[PDB]
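S.K.: In the authors' numbering, the protein residues as written are 1 to 116.
Below is one structure. I have some questions about it.
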């Protein structure tokens with residue numbers, strides 16, 4: 001008995017890891033902020049962003065996200081005002097493993113805005 005001839009691979013699998021943690025920032029209504037970190041995974045994991053338990057989408061100029069070959073994940077938030085301020089949450093999921101980190105963003109009103 002025991003006819004099962006088990007096959008095997010010799011490829012590299014690495015679980016995701018945050019080398020640097022994103023630290024909080026406060027800005028004014030109409031300005032921008034950057035949130036970046038270094039993740040080492042093989043292969044590159046799926047990224048998720050959540051603000052105040054709201055799913056953050058990147059289909060606008062006010063919000064942009066890119067990942068670099070160094071594993072640098074950078075979120076750019078433009079023109080953010082009081083209504084857009086909250087606690088952000090980033091998740092990176094690979095089949096080998098998963099990791100999640102939280103981030104804080106504060107916003108304050110400008111003493112003057114573009115008037116008529």
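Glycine included, each C-beta is placed from N, C-alpha and C at the ideal position.
#1: Count the other CB atoms within 10 Å of the CB of residue 115; is the residue buried (16 or more) or exposed (fewer)?
#2: Cβ atoms of residue 42 and residue 19: under 9 Å apart, would you say?
#3: Looking at the secondary structure, which residues open and close the beta strand (DSSP E) in which residue 107 lies?
#4: With a floor of 3 residues, list each beta strand (DSSP E) that falls wholly inside the segment 2 to 65, ordered by position along the chain.
#5: Mind checking which residues open and close the beta strand (DSSP E) that includes residue 78?
#6: Touch check for the segment 45 to 58 and the segment 3 to 12: three-plus C-beta pairs under 8 Å?
#7: Going by the DSSP bridge assignment, what does residue 113 pair with across the sheet?
#8: Who are the near neighbours of residue 78 in its chain, counting only those whose CB is closer than 7 Å to its CB and skipping five residues on each side?
#9: By DSSP's criteria, residue 94 is part of a beta bridge. Which residues make up the other side?
#10: Please name the residue, chosen from 93, 108, 95, 23, that lies closest to residue 84 on a Cα-to-Cα basis.
M.R.: Inspection of the coordinates gives the following:
#1: exposed
#2: no
#3: 97 to 108
#4: 25 to 28, 31 to 38, 46 to 51
#5: 72 to 80
#6: no
#7: DSSP lists no partner for residue 113.
#8: 32, 61, 62
#9: 97
#10: 108
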